[PDB]
Amino acid sequence: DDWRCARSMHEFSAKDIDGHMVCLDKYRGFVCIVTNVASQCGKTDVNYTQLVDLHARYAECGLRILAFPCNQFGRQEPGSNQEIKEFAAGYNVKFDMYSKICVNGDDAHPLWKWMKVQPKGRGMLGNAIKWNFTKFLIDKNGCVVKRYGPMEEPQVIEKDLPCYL
């Protein structure tokens, strides 16, 4: 449980939604949105729609999106990885979908433990993830540069991208 001493997202690995383990150093050079998703949330439609749009408009400019399904917020992600994959398909998702994880507590994925402690990943009312669709913006070196809350629609991140692209 060495995660705290990591200096970059690129030191971490996670299982993609098809179960392949992926080393996140593949995102070196790319700016990344890392977000916790859910299918049965009141924010699901606006977030999937705008994330997909952003990725369509900025992938060639070096934007990548990592989506981590999580069922800790109102039980709004109850389905299997297979089902979640098909649900993301329904929104024409072409960014990267990961296997369902926890983001809070002792069994949280270590990337998520790490993000939450970074200087620009610190929360309001403590560091915990508060609800579905929190977003962290990660620079080309894998450092956290910003955190946006559940109610900050992905389009608000667009004005921040030229600082990093």
Side-chain angles (χ1 to χ4, degrees), residues 9 12 14 16-17 24 26-27 29-79 81 83-105 108-109 111-165:
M9 180 179 78
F12 291 92
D16 68 23
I17 202 152
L24 308 186
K26 77 161 172 175
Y27 304 100
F30 292 89
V31 175
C32 304
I33 293 167
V34 179
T35 186
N36 60 300
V37 302
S39 307
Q40 308 186 356
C41 174
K43 294 147 186 51
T44 289
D45 195 58
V46 71
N47 284 262
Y48 265 103
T49 302
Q50 297 187 358
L51 285 164
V52 177
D53 171 75
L54 278 181
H55 187 231
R57 292 189 300 108
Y58 293 96
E60 173 172 341
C61 314
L63 181 75
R64 294 291 178 272
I65 301 179
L66 296 75
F68 286 91
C70 181
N71 198 34
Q72 293 188 290
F73 309 103
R75 297 182 184 288
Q76 294 175 351
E77 188 79 294
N81 284 319
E83 288 164 315
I84 297 166
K85 190 188 184 186
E86 296 165 6
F87 181 84
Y91 278 98
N92 301 329
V93 163
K94 304 204 186 187
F95 54 79
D96 301 320
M97 290 297 297
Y98 284 84
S99 293
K100 192 187 314 191
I101 58 166
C102 288
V103 303
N104 287 335
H109 193 287
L111 173 58
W112 280 79
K113 299 188 179 191
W114 178 86
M115 291 192 300
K116 281 187 298 179
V117 308
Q118 303 308 294
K120 305 299 182 187
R122 286 188 205 121
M124 277 305 292
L125 277 178
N127 293 335
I129 309 317
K130 302 301 186 298
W131 205 245
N132 303 307
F133 303 106
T134 299
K135 300 101 176 162
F136 291 89
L137 189 64
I138 313 294
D139 73 16
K140 65 172 176 174
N141 290 326
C143 299
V144 173
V145 298
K146 201 149 168 190
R147 180 180 170 159
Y148 299 86
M151 290 300 304
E152 299 189 66
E153 294 179 1
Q155 58 93 2
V156 317
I157 305 172
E158 184 179 1
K159 74 195 119 159
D160 291 334
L161 292 184
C163 294
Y164 305 101
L165 291 178

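Heavy atoms only: backbone and side chains are in, while hydrogens, waters and symmetry mates are out. Sequential numbering from 1 along the given sequence is applied to the chain's residues.
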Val103 to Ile101 - nearest heavy-atom pair and separation
CG1-CD1, 3.9 Å
In short, salt bridge (charged side-chain N to carboxylate O under 4.0 Å, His left out) pairs touching residues 122-142 with sequence neighbours left out are none
By ring pair (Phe, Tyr, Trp, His ring centres under 6.0 Å) - contacts of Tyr48 (at least two apart):
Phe87, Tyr91
Those residues at least two apart in sequence (or on a different chain) that pass side-chain hydrogen bond (donor to acceptor under 3.5 Å, both in side chains) with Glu152 are none
Taking the six-membered ring for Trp, is the centroid-to-centroid distance between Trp112 and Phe136 below 6.0 Å?
yes
Identify each donor-acceptor pair in which a side-chain atom of residues 29-41 lies under 3.5 Å from a protein atom, sequence neighbours left out, and give them as a table.
residue: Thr35; atom: OG1; partner: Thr134; partner atom: O; Å: 2.8
residue: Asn36; atom: OD1; partner: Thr134; partner atom: N; Å: 3.0
residue: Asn36; atom: ND2; partner: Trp131; partner atom: O; Å: 3.1
residue: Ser39; atom: OG; partner: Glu77; partner atom: OE1; Å: 2.5

Enumerate donor-acceptor pairs with a distance under 3.5 Å from any side-chain N or O in residues 156-165 to protein atoms, sequence neighbours excluded.
residue: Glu158; atom: OE1; partner: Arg57; partner atom: NH2; Å: 3.1
residue: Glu158; atom: OE2; partner: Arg57; partner atom: NH1; Å: 3.0
residue: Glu158; atom: OE2; partner: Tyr58; partner atom: OH; Å: 2.5
residue: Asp160; atom: OD2; partner: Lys146; partner atom: NZ; Å: 2.9
residue: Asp160; atom: OD2; partner: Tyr148; partner atom: OH; Å: 2.6

With sequence neighbours left out, the residues meeting salt bridge (charged side-chain N to carboxylate O under 4.0 Å, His left out) with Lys100 are none
With sequence neighbours left out, what residues match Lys113 under side-chain hydrogen bond (donor to acceptor under 3.5 Å, both in side chains)?
none
Under 3.5 Å, is there a donor-acceptor pair linking the side chains of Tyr98 and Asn81?
no
For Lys43, is there any backbone N or O sitting under 3.5 Å from a side-chain donor or acceptor partner on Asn47?
yes
Could you pull out the closest heavy-atom pair between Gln118 and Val144, with the gap in Å?
CG-CG2, 3.7 Å
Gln155: side chain to side chain contact (heavy atoms under 4.5 Å, CB included) partners, not counting sequence neighbours:
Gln50, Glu153
Using 0.5 Å steps for rounding, measure from the CG atom of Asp16 to the OG atom of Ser99.
6.5 Å
Please tell me if the side chains of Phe95 and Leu51 come closer than 4.5 Å, counting only heavy atoms from C-beta onward.
yes
Side chain to side chain contact (heavy atoms under 4.5 Å, CB included) against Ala59, all qualifying residues, sequence neighbours excluded
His55, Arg64
Just how far is it from atom NZ of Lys120 to atom CG of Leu137, taken to the nearest 0.5 Å?
12.0 Å
Go through the steps to decide whether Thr44 and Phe133 satisfy the test side chain to side chain contact (heavy atoms under 4.5 Å, CB included), and finish with yes or no.
CA-CA 8 Å; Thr44 289; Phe133 303 106; 3.7 Å; yes
If the condition is side-chain hydrogen bond (donor to acceptor under 3.5 Å, both in side chains), which residues does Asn104 pass it with, not counting sequence neighbours?
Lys116
